[PDB]
Structures are given as structure tokens and as C-alpha cells.
$ cat data-v5.txt   # compact mmCIF, C-alpha atoms
# COMPACT_ATOMS: atom_id res chain seq x y z
CA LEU S 43 0.00 0.00 0.00
CA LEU S 44 2.73 2.47 0.93
CA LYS S 45 4.05 1.71 -2.55
CA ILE S 46 0.82 2.34 -4.45
CA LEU S 47 0.73 5.97 -3.33
CA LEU S 48 4.41 6.02 -4.19
CA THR S 49 3.70 4.77 -7.69
CA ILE S 50 1.33 7.73 -7.91
CA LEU S 51 4.01 10.10 -6.68
CA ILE S 52 6.54 9.25 -9.37
CA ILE S 53 3.93 9.56 -12.10
CA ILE S 54 2.90 13.03 -10.97
CA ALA S 55 6.64 13.64 -10.82
CA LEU S 56 7.11 12.03 -14.21
CA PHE S 57 4.18 14.16 -15.35
CA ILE S 58 5.75 17.20 -13.69
CA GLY S 59 9.06 16.42 -15.37
CA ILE S 60 6.95 15.89 -18.48
CA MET S 61 5.44 19.28 -17.71
CA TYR S 62 8.81 21.01 -17.45
CA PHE S 63 10.27 19.68 -20.69
CA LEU S 64 7.23 21.01 -22.52
CA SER S 65 7.55 24.55 -21.20
CA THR S 66 10.94 24.67 -22.94
CA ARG S 67 10.27 26.57 -25.19
CA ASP S 68 8.43 28.99 -25.00
CA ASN S 69 11.60 30.98 -24.50
CA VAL S 70 11.97 34.46 -23.22
CA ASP S 71 13.44 36.78 -24.14
CA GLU S 72 10.84 36.45 -26.86
CA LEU S 73 9.12 38.48 -24.14
CA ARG S 74 11.29 41.45 -25.06
CA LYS S 75 9.52 41.60 -28.45
CA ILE S 76 6.81 43.54 -26.61
CA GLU S 77 9.03 46.59 -26.22
CA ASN S 78 8.90 47.32 -29.98
CA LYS S 79 5.18 47.93 -29.63
CA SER S 80 4.40 51.28 -31.22
CA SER S 81 2.78 52.62 -28.07
CA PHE S 82 5.03 50.84 -25.58
CA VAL S 83 5.59 52.67 -22.31
CA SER S 84 7.64 51.36 -19.36
CA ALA S 85 6.29 51.24 -15.81
CA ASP S 86 9.05 53.41 -14.35
CA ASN S 87 7.70 56.00 -16.76
CA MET S 88 4.20 55.85 -15.36
CA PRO S 89 2.60 57.40 -12.26
CA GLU S 90 2.66 55.35 -9.09
CA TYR S 91 -1.12 55.43 -8.91
CA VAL S 92 -1.17 53.79 -12.35
CA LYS S 93 1.33 51.21 -11.20
CA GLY S 94 -0.72 50.58 -8.04
CA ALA S 95 -4.08 50.57 -9.83
CA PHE S 96 -2.93 47.20 -11.15
CA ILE S 97 -0.69 45.93 -8.41
CA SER S 98 -3.38 46.41 -5.74
CA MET S 99 -6.20 44.65 -7.60
CA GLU S 100 -4.30 41.92 -9.50
CA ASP S 101 -1.07 41.17 -7.61
CA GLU S 102 -1.15 43.00 -4.29
CA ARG S 103 2.41 41.88 -3.37
CA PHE S 104 4.20 41.93 -6.71
CA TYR S 105 7.85 42.93 -6.06
CA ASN S 106 7.80 40.43 -3.18
CA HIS S 107 7.21 36.97 -4.68
CA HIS S 108 9.43 35.24 -7.23
CA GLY S 109 6.74 34.18 -9.72
CA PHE S 110 4.45 32.05 -7.54
CA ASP S 111 2.24 33.34 -4.72
CA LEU S 112 0.72 30.59 -2.61
CA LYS S 113 -1.69 32.72 -0.56
CA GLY S 114 -3.37 33.69 -3.83
CA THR S 115 -2.91 30.21 -5.25
CA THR S 116 -4.67 28.73 -2.23
CA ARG S 117 -7.48 31.25 -2.61
CA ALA S 118 -7.63 29.97 -6.19
CA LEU S 119 -7.51 26.45 -4.78
CA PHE S 120 -10.68 27.56 -3.00
CA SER S 121 -9.64 28.16 0.58
CA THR S 122 -11.88 31.10 -0.28
CA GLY S 130 -8.82 32.59 -8.49
CA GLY S 131 -5.73 34.78 -8.75
CA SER S 132 -2.78 34.71 -11.13
CA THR S 133 0.44 36.56 -10.41
CA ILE S 134 1.19 39.53 -12.62
CA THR S 135 4.08 37.28 -13.73
CA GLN S 136 1.87 34.32 -14.67
CA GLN S 137 -0.62 36.49 -16.50
CA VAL S 138 2.35 37.84 -18.49
CA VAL S 139 3.49 34.34 -19.42
CA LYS S 140 0.02 33.21 -20.34
CA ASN S 141 -0.89 36.35 -22.25
CA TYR S 142 2.18 36.18 -24.48
CA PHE S 143 2.40 32.39 -24.94
CA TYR S 144 -0.82 30.74 -23.71
CA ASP S 145 -3.25 33.49 -24.74
CA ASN S 146 -5.08 30.75 -26.62
CA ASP S 147 -5.45 27.63 -24.47
CA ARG S 148 -6.27 26.61 -20.90
CA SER S 149 -5.55 23.13 -19.56
CA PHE S 150 -4.12 21.68 -16.36
CA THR S 151 -1.16 20.64 -18.50
CA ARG S 152 -0.72 24.36 -19.23
CA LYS S 153 -1.33 26.06 -15.89
CA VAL S 154 1.38 23.84 -14.46
CA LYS S 155 4.03 24.53 -17.09
CA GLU S 156 2.92 28.15 -16.86
CA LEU S 157 4.50 27.96 -13.40
CA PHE S 158 7.66 26.61 -14.98
CA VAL S 159 7.84 29.45 -17.50
CA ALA S 160 6.95 32.30 -15.11
CA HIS S 161 9.84 31.05 -12.99
CA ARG S 162 12.23 31.65 -15.86
CA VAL S 163 10.99 35.21 -16.40
CA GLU S 164 11.54 36.06 -12.71
CA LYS S 165 14.95 34.49 -12.91
CA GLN S 166 15.86 36.50 -16.01
CA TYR S 167 14.03 39.84 -15.83
CA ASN S 168 13.45 42.33 -13.03
CA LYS S 169 10.15 43.44 -11.53
CA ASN S 170 9.84 46.68 -13.47
CA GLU S 171 10.68 44.95 -16.73
CA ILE S 172 8.15 42.19 -15.98
CA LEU S 173 5.34 44.57 -14.95
CA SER S 174 5.99 46.44 -18.22
CA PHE S 175 5.25 43.33 -20.25
CA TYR S 176 2.08 42.89 -18.20
CA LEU S 177 0.75 46.44 -18.55
CA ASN S 178 1.92 46.41 -22.21
CA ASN S 179 0.35 43.12 -23.42
CA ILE S 180 -3.18 42.93 -22.00
CA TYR S 181 -6.67 43.40 -23.37
CA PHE S 182 -8.79 46.39 -22.38
CA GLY S 183 -11.62 45.14 -24.54
CA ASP S 184 -11.45 47.42 -27.56
CA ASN S 185 -8.69 45.67 -29.47
CA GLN S 186 -6.46 47.52 -26.97
CA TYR S 187 -3.51 45.48 -25.71
CA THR S 188 -1.37 48.33 -24.38
CA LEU S 189 -2.20 50.52 -21.41
CA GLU S 190 -1.11 53.48 -23.51
CA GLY S 191 -3.28 52.47 -26.45
CA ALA S 192 -6.24 51.89 -24.12
CA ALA S 193 -5.75 55.12 -22.14
CA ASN S 194 -5.59 57.37 -25.19
CA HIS S 195 -8.35 55.34 -26.75
CA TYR S 196 -10.91 55.58 -23.96
CA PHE S 197 -10.02 58.90 -22.30
CA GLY S 198 -7.54 60.64 -24.58
CA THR S 199 -5.09 60.71 -21.68
CA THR S 200 -1.53 59.36 -21.34
CA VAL S 201 0.38 57.16 -18.88
CA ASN S 202 3.90 58.45 -19.56
CA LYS S 203 4.56 60.74 -16.59
CA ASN S 204 7.15 62.50 -18.76
CA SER S 205 4.38 63.33 -21.26
CA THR S 206 3.86 67.02 -22.10
CA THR S 207 1.71 66.95 -25.25
CA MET S 208 -1.20 64.78 -24.11
CA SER S 209 -2.98 65.30 -20.77
CA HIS S 210 -2.01 62.69 -18.17
CA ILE S 211 -4.31 59.96 -16.87
CA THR S 212 -6.50 60.57 -13.83
CA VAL S 213 -6.67 58.40 -10.73
CA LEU S 214 -10.21 57.26 -11.59
CA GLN S 215 -9.22 56.18 -15.09
CA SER S 216 -6.51 53.88 -13.75
CA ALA S 217 -9.00 51.84 -11.72
CA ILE S 218 -11.21 51.56 -14.78
CA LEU S 219 -8.44 50.17 -16.98
CA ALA S 220 -7.02 48.02 -14.21
CA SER S 221 -10.52 46.70 -13.56
CA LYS S 222 -11.30 45.81 -17.17
CA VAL S 223 -8.20 43.65 -17.60
CA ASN S 224 -9.91 40.77 -15.73
CA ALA S 225 -13.52 41.88 -15.90
CA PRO S 226 -16.16 39.72 -17.62
CA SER S 227 -16.16 40.10 -21.42
CA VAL S 228 -19.44 41.90 -20.71
CA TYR S 229 -18.01 44.83 -18.70
CA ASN S 230 -17.99 47.73 -21.16
CA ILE S 231 -15.73 50.71 -20.39
CA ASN S 232 -17.67 52.83 -22.88
CA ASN S 233 -20.85 52.07 -20.91
CA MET S 234 -20.13 50.73 -17.42
CA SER S 235 -22.60 48.59 -15.51
CA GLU S 236 -23.69 49.19 -11.90
CA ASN S 237 -21.92 45.86 -11.54
CA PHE S 238 -18.80 47.23 -13.23
CA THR S 239 -18.85 50.65 -11.56
CA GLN S 240 -18.82 48.78 -8.26
CA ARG S 241 -15.89 46.65 -9.43
CA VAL S 242 -13.69 49.66 -10.16
CA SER S 243 -14.66 50.85 -6.69
CA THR S 244 -13.46 47.70 -5.04
CA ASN S 245 -10.30 48.92 -6.70
CA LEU S 246 -10.11 52.56 -5.58
CA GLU S 247 -10.45 51.07 -2.09
CA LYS S 248 -7.50 48.70 -2.61
CA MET S 249 -5.26 51.61 -3.52
CA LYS S 250 -6.33 53.87 -0.67
CA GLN S 251 -5.93 50.89 1.59
CA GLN S 252 -2.51 50.09 0.10
CA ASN S 253 -1.53 53.75 0.17
CA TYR S 254 -1.13 54.22 -3.58
CA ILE S 255 -3.57 57.09 -3.23
CA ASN S 256 -4.66 59.51 -0.51
CA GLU S 257 -8.16 60.25 0.79
CA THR S 258 -8.37 63.46 -1.26
CA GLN S 259 -7.55 61.62 -4.48
CA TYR S 260 -9.75 58.71 -3.42
CA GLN S 261 -12.90 60.81 -2.95
CA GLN S 262 -12.00 62.53 -6.21
CA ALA S 263 -12.41 59.37 -8.25
CA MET S 264 -15.52 58.16 -6.40
CA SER S 265 -17.16 61.51 -6.96
CA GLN S 266 -16.02 61.21 -10.57
CA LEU S 267 -17.26 57.65 -10.79
CA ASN S 268 -20.60 58.84 -9.40
CA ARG S 269 -20.77 61.74 -11.85
$ encode --input "data-v5.txt" --output "C-alpha cells"
Amino acid sequence: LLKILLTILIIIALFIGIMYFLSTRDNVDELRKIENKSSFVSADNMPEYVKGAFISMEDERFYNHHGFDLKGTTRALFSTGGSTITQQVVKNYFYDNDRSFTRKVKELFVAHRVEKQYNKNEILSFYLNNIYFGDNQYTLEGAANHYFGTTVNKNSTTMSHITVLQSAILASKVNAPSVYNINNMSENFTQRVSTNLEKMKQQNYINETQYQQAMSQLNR
């Protein structure tokens, strides 16, 4: 008996070793291809409320972990469905197409590589720069200009910068239901972006004067 559960260990292992060999490759720095994007901006060149508008909702402890976050993985494993900003990256670039257990696992193997190789600001720039804001917008810059006419490059001087409110909108589309329309937001959506403005105030990405600003704006 103690050997039957063993013979199930080495198969999961064999399957995990199977899993590894299949992640290769799937090789970064293919990930660096992103940077050529016409409207590519880098996170260091954005406001900190824009950075946090995503961090706080999606990956509340980004610069901490090294790819995997178990307290959000357990919540996904229903001790309460979160992906690290690193895993989303991986998936979005490579696995944008398919989901399967045999993918989510190797997606852990790949995300590991990208933490090994890149740094947190690089990473988070692939994330913010290859994601869908539901209008055929896959860059935060594209989406920002496209929905509000504002920019996310803090060094910008030609276009008007992006407001606090707007950040929580775009952060909160990223993983909203395909139904959640930024052009016309639902009571259900306009409460989702709020769950967000709270997570930034809470996490200190914004102050109470900025916070009320958005929520008055949201209720405008």
C-alpha cells in the first residue's frame, strides 16, 4: 500500500518532469519583443497610482514573490482565483489561446524563468503592455488614449495625463467579464472599479483626497 501511493508520486513527478520539458520553449526573451510595440511605455515612466491601480487589484504583493504566490494560489484552490502579474504575463504572451491543467502547471515553470531572467519593473511592463482592455487595446497606452484621450507616460507634455479614476477603470477591465464595457459601465462594473479605488487607498497608492476625487467622478 505504501508503494501504491508512491507509484502515484513518481507519475505526478514524471508528469511534472513531463510538464517542465514542454515549457521549454516557449523561451523568453521572446518576451522582449513587446518593447517594440508602437505605443510601448515602461512602468518606471508611469505614475505610481497607475502602477498601483494594477498591483493592488491583481497582484497585491508583486515585487515580493518570485513568480508564484501561494496565498493567492490557495485562494484559487478555493480556501476562499488569482494569477500573479508574472503568470498572467506568461500566459498572455504564450498561452493566450489555451487553458488546460497541462498548461497552468508549465505556466508555473515558464513564469519562474521570467523572474529568474528579468526584473520586476521589466516584468510589470510586459504585463501592462500586453493585455486586453476590450477594444482591441492590448497596451495601457493604447487603451488610455483610446478611452479617455489621456496618457500614462509621466514625462508626457503633449497629451494630458491619466487621472486616478481612469486607472481603476483600466485596471478593472483587464480581468472583468467580457461583458463589462468601459464605454458604458454597468452598476456591476462601476462597483468593481470601486473595489479597486479602495484597494489603492488601503494600500496607500492614493490619498483620501484623491480617493474621494475618483468616487465623486465615478458617481458623476
$ closest_residue --input "data-v5.txt" --among "S:57, S:155, S:238, S:74" --to "residue S:178" --atoms "all atoms listed in the file"
S:74
$ atom_distance --input "data-v5.txt" --atom1 "atom CA of residue S:59" --atom2 "atom CA of residue S:159"
13.3 Å
$ closest_residue --input "data-v5.txt" --among "S:246, S:263, S:85, S:112" --to "residue S:202" --atoms "only C-alpha atoms"
S:85
$ closest_atom_pairs --input "data-v5.txt" --of "stretch 92-154 of chain S" --to "stretch 208-218 of chain S" --cutoff "9 Å" --atoms "all atoms listed in the file" --output "CSV"
residue,atom,partner,partner_atom,distance
S:92,CA,S:216,CA,5.5
S:93,CA,S:216,CA,8.7
S:94,CA,S:216,CA,8.8
S:95,CA,S:217,CA,5.4
S:96,CA,S:217,CA,7.7
S:99,CA,S:217,CA,8.7
$ closest_atom_pairs --input "data-v5.txt" --of "stretch 67-139 of chain S" --to "stretch 182-198 of chain S" --cutoff "9 Å" --atoms "all atoms listed in the file" --output "JSON lines"
{"residue": "S:79", "atom": "CA", "partner": "S:188", "partner_atom": "CA", "distance": 8.4}
{"residue": "S:81", "atom": "CA", "partner": "S:190", "partner_atom": "CA", "distance": 6.1}
{"residue": "S:82", "atom": "CA", "partner": "S:188", "partner_atom": "CA", "distance": 7.0}
{"residue": "S:83", "atom": "CA", "partner": "S:190", "partner_atom": "CA", "distance": 6.9}
$ atom_distance --input "data-v5.txt" --atom1 "atom CA of residue S:148" --atom2 "atom CA of residue S:73"
19.7 Å
$ atom_distance --input "data-v5.txt" --atom1 "atom CA of residue S:53" --atom2 "atom CA of residue S:119"
21.7 Å
$ closest_residue --input "data-v5.txt" --among "S:102, S:45, S:78, S:122" --to "residue S:251" --atoms "only C-alpha atoms"
S:102
$ closest_residue --input "data-v5.txt" --among "S:245, S:200, S:233, S:224" --to "residue S:260" --atoms "all atoms listed in the file"
S:245
$ closest_residue --input "data-v5.txt" --among "S:227, S:221, S:256, S:149" --to "residue S:97" --atoms "only C-alpha atoms"
S:221
$ residues_around --input "data-v5.txt" --residues "residue S:132" --least-positions-apart "2" --cutoff "10 Å" --atoms "all atoms listed in the file" --output "PyMOL selection string"
chain S and resi 100-101+109-111+114-115+118+130+134-138+140+153
$ residues_around --input "data-v5.txt" --residues "residue S:253" --least-positions-apart "3" --cutoff "10 Å" --atoms "all atoms listed in the file" --output "MDAnalysis selection string"
chainID S and resid 91 94 98 247:250 256:257
$ closest_residue --input "data-v5.txt" --among "S:180, S:255, S:76, S:55" --to "residue S:223" --atoms "all atoms listed in the file"
S:180
$ residues_around --input "data-v5.txt" --residues "residue S:75" --least-positions-apart "5" --cutoff "10 Å" --atoms "all atoms listed in the file" --output "CSV table (one decimal) with C-alpha atoms, in the coordinates of the input"
chain,number,residue,atom,x,y,z
S,70,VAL,CA,12.0,34.5,-23.2
S,142,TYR,CA,2.2,36.2,-24.5
S,175,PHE,CA,5.2,43.3,-20.2
$ closest_atom_pairs --input "data-v5.txt" --of "stretch 146-254 of chain S" --to "stretch 63-68 of chain S" --cutoff "12 Å" --atoms "only C-alpha atoms" --output "CSV"
residue,atom,partner,partner_atom,distance
S:151,CA,S:64,CA,9.3
S:152,CA,S:65,CA,8.5
S:153,CA,S:65,CA,10.5
S:154,CA,S:65,CA,9.2
S:155,CA,S:65,CA,5.4
S:156,CA,S:65,CA,7.3
S:157,CA,S:65,CA,9.0
S:158,CA,S:65,CA,6.6
S:159,CA,S:65,CA,6.1
S:160,CA,S:65,CA,9.9
S:161,CA,S:65,CA,10.7
S:162,CA,S:66,CA,10.0
S:163,CA,S:68,CA,10.9
